[PDB]
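Quick setup: one chain, the form solved without the named molecule, written in structure tokens, and binding and motion questions come after.
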């Protein structure tokens, strides 16, 4: 590894993100004045548990699909074997989405962008998972305080995805070398932009692991109560990543 190569990797990672960020930051920022009304919130609260879950499961799948395209565009990711690629995406995709979510979260009124408008925690009351929603809202609130940039999210998410500590990796050292280069790339950007201060302020080791395990646990409660709802109305990719291997992620990696 060399300096100008690490300098190229920073450009390679920010371009990958810029292309697959789903929604531009300004589009999210200009819609912050477009908040859900008291009557509009009540409507979501009056919706059935399974209809709210179906909508959330879809929006989360929409979000993950861009993370899968971001993965494919990452430097070195496609050089890894199909096993390692799936291993990393199965563990990473939901963590990356929760990191990216802080862009759609407005710290001032404590609201999040959802279905064209900004709404508080109460908009998801029908899901019957109060704790998880408040956990997701607080996490977004912590990353908001960090005053992140788009370039910073790009390099940080790339690191969240390329973790050599995931079980199931056959070519571990190949992931270890890519993780290292990406680590140096992120640290070099922070050093250049005089933003190394955020390193101590970043989320703890398994903070994101807690939100994902909470998300899988809260889904298993819903799947027990409504098994046919999940079988018939939930997105196939969502079921492969969170219900229980099916070969949907392989179809996404093989093409494009």
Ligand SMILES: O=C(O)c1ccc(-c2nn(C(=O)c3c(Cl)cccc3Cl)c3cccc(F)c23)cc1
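Residue numbers count along the first chain shown, from 1.
Below, we refer to the form deposited with the named molecule bound, which is not included among the displayed structures.
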query	finding
Site status for the named molecule placed as in the entry with it bound, C-alpha superposition, 2.4 Å backbone or C-beta test	blocked
In the entry with it bound, the one of 89, 74, 175, 182 near the named molecule [non-hydrogen atom within 4.5 angstroms]	89
Heavy atom of residue 10 within 4.5 Å of the named molecule in the entry with it bound	no
Proximity of residue 60 to the named molecule in the entry with it bound, heavy atoms at 4.5 Å	yes
Exercise: residue 154 in contact with the named molecule in the entry with it bound, heavy atom 4.5 Å	no
Residue contact check: residue 216 to the named molecule in the entry with it bound, 4.5 Å heavy atom	yes
